[PDB]
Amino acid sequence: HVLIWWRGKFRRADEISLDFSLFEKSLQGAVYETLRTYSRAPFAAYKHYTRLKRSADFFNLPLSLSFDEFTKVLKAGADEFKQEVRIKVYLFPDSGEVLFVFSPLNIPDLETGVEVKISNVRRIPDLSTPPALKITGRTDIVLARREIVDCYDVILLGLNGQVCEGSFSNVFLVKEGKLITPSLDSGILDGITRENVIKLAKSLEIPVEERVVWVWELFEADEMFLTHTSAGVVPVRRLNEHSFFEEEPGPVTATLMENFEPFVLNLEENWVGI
């Protein structure tokens, strides 16, 4: 049950009709964002809109849609499901055409923790590409996602062995009661889930450090977890062959994931304009 909004109308996601020149050009990549709903309301819509604009600015391609129109399509689309939706928004090169894809959000039970592995792909450094450019063809993320076989996500290190992030998530570790996450200067995407978790940690009086984190610190951590739009906080039970836990996520991870949804649902900055 997949719905799309394309060229002014909602539509079935069986076939797509587009100008051939747009298709050939889209092979160079589309700028994009992913959203989910809570109670069928689009989450962090304004935050995602401004990130989209920022990705679009790395090309002086202005955004065609207003925030007001963006929210209108998001809400009309989500309203056609009796269930939470995942929403992908693509902005196309030169044309400025926008495509929304709505599909049911089927989020699994991750209380037992996931497996992650160190990627063979290093994150592209700033001198080659801005880390915050969310574009569909960027080869670090394209090549790294193809490595996800017997794990949930792969961890991209930067060129010097600093922890950057997962192929579709941000990384946090816990050590001696402190919540530690790579700084934006490590060369990472400023995830919206990450941002919310940092604020939640502070509201719970958990100490937080945003800094350069070296790969070997993950192997000495008391806890590790991932953050991304669809799932929120995702506990990591094993990195490569290194287990953090057997059954229960660690205590800092557990408090953050139980408090995540109530905290973000009542933080106004995640609901502006909706």
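One rule holds for the numbers: they count along the sequence shown, beginning at 1.
- As listed in the deposited structure, the average C-alpha B-factor of 89-97 and of 70-78 is greater for 89-97.
- Set 98-106 against 188-196 and average the Cα temperature factors; 98-106 ends up higher.
- Each of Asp140, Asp126, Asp150, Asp153 has a CA temperature factor in the record; the biggest one is found at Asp150.
- Across the residues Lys47, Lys53, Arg238, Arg36, the deposited record lists the maximum Cα B factor for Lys53.
- Sort the chain's modelled residues by C-alpha temperature factor and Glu248 lands in the highest third, per the entry.
- Sorting the modelled residues of the chain by their CA temperature factor places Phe58 in the highest third.
- Per-chain ranking of the deposited C-alpha B factor places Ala201 in the lowest third.
- Compared with the other modelled residues of the chain, the Cα B-factor recorded for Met224 ranks in the lowest third.
- Among all modelled residues in its chain, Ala30 ranks in the middle third by Cα B-factor.
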